[PDB]
Structure formats: C-alpha cells, structure tokens
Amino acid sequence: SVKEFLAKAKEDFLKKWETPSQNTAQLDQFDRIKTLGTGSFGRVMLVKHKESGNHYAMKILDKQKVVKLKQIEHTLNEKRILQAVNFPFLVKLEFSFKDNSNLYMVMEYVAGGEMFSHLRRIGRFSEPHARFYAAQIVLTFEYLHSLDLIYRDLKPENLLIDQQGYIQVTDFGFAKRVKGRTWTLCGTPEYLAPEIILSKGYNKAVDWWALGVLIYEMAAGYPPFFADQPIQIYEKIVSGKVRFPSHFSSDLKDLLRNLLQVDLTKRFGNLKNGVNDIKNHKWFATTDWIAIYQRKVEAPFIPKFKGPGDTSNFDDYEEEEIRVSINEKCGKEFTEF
C-alpha cells in the first residue's frame, strides 16, 4: 500500500533532511577521466575512485560561478535534497565534499547516456516506449511530491538511461522543499507551465504539466510548443492551444489534453484524486505500476555498453583542467554543503 510505503519513505527522508550528510570524500580519492556533460557553473566528469576501482559521475560546481548566477540557495537545495531521497528512478549520490574553489557531487555513473540523445537520434519513441518511461516519471513525482518536494526541471536532457534501460532522474538544481506556493522563474522554456510564465506563484502541478510536455516530446519527436526564441514559446504556451501528430492515439491525446491544461482546477495530477487520475487513465491501462516500481518490466531499449567506464553513449566535450585556488572561496555561503 502506497500510503504505508510513502509514510515510511517520508520518515527516512526527514531524518536525512534534518541531519544532512557532509564531507564524505575528497578530490584526490578519484582519477578524473572524461567530461560526460557540461553545465552552467561546471561540468560532470566520469571519474575512477582509487580505493574501490568503481566509476562515478563527478558533478563539479565552481562556487564563484554559482554565486555569479545567483544560484546559492538552489545549489544548497540540490545537495540537501539529493542526499536525503531514495527511489528506484532517482540517481544515487554516493559522495559529496567541497574545497577552496568547488563543490562536488559524486553520483552513480548512469552509463546509458541522456534520454535526449537517444530521442533525437531515433527521432521519436513508440507509445509503449514512451509509456514505459512516463510511468517511471509518474511514480517518481508521486514520491517527490509526497515529501513536499517540487522538481521543476523535467526534460529529456536530465533523464539518464541505466544499463537495464530504466530511467535515472538527475539534476535537482531547481528542486525545492516547499509547502504551498513558490515564485522563482526557473526551468526550461519549452517545459514551463503557463502559471510560471505569468508570474502567479505556483505549486507542484507545474511538474504534472512538464510531464505532459515530456510525454508529447517523447512520442512526437518534437515538443508541443516550440519557436526560435523563448518569447514566442511563451506565447504558445500561454495560448494552451496544442496540436498533435496524426499518429497519436486517441488515448494519448486525451491524457495530454488533461496534463497540458492551462486551468489548474482541471489539470490532471492536481485534482482531488491526485496522481490516481493519471495512473488510472486509459493510456496507462496496460501499465503494471507495481512491476515498474520493482523494475520487473522488460525495457524497450537497452543501451550498448562495453566496460564500466565506457562513455560511448555520451557526446564528447572540450576538456579543461580542474583548478583549485590556494584561497578559500565563498566559505560562509556554502558552510552547510
């Protein structure tokens, strides 16, 4: 029973939320091999942990760049939340630590690469294929939401595929523990809920909209609202008019009309039955929700992998040496990290 499950999951989370993990490794414990992806204030690298021999993904954040992009609280959020959560489709934070110059989050290496690359490469996913992924996101949002957590950055570029073909959600850069409404203008333009765009103050229903954009993009191969510049994206989103590819099933279209619903009183995930309206929708009728949580469902696609340190599922990136100053930067700001 979800209720009993979710209640012990909250008890677990709160213990760690209240007394966060800190300083559980150090930089010279790892050999840095290759950049797996880059980001706003740093990069993620494949690394090898010397004593164990295990590969990990090391997310390296330049403190100074974090401050310059005014992302201090969001970063503390990111780390405080990732060390406390635990769910089959959430990436595992194995270590965290900081030095004079950087913040480090060392995670399990998800060697499948981004959903993004396979989506663009294959073009689009079949509805069974997209439905397998969407179900994992639905369960993950149920989990997170039940902890008063809002994710706010759903998109293929943040969903990693593991060796069994299951999803691992990463980047909690915008995740927040909040009861009731919040106001930060953040996310990716194609995925923004209209209430974010119109600066109203919003709640976790923005994640259910984002799911709608995700399922569309997965099934269509392009997002429901696109343009060359975000302002035009924003007008389209605010319209709420949505057109669907001719191949979409009636079931899919119905679900998407209820997720990409500009009216919060109507948007699926936010009504009285909450997530069960989504779990019980016709599009999901063939979904075995328990078998998915227990990862018993055969995945539709299984990434090619060779050796635990293989990065062939990732784009190549320009490399830059990791500099650590002799002077501590932003020590007080990041004390709790």
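The first residue of the shown sequence is 1; numbering continues from there. The term rigid core refers to the maximal set of C-alpha atoms that superpose within 1.5 Å between the two forms.
Annotation: of the segments 224-232 and 101-109, 101-109 departs further from this form in 5 other deposited structures of this protein (C-alpha atoms, root mean square over structures and residues, core superposition). Here the rigid core sets the fit, and in 5 other deposited structures of this protein the C-alphas of 57-65 stray farther than those of the other stretch, out of 283-291 and 57-65. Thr311, present in the displayed chain, goes without coordinates in a third or more of the other PDB entries compared that cover both sides of it. Between the stretches 244-252 and 218-226, it is 244-252 that shows the larger average CA temperature factor. Look at the mean CA B-factor for 68-76 and for 262-270 in the entry; the higher one is 262-270. Ranking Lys50, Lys306, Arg32, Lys279 by the C-alpha B-factor listed in the PDB entry places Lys306 at the top.
Ranked within its chain, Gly113 lands in the lowest third, by CA B factor from the PDB record. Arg177 sits in the lowest third of its chain by CA B factor, as recorded in the PDB entry. In the PDB entry, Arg323 places in the highest third of its chain by CA B-factor. Per the PDB record, residue ranking by Cα B-factor puts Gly187 in the highest third of the chain. Ranked against the other modelled residues of its chain, the C-alpha B-factor of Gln83 as given in the entry falls in the middle third.
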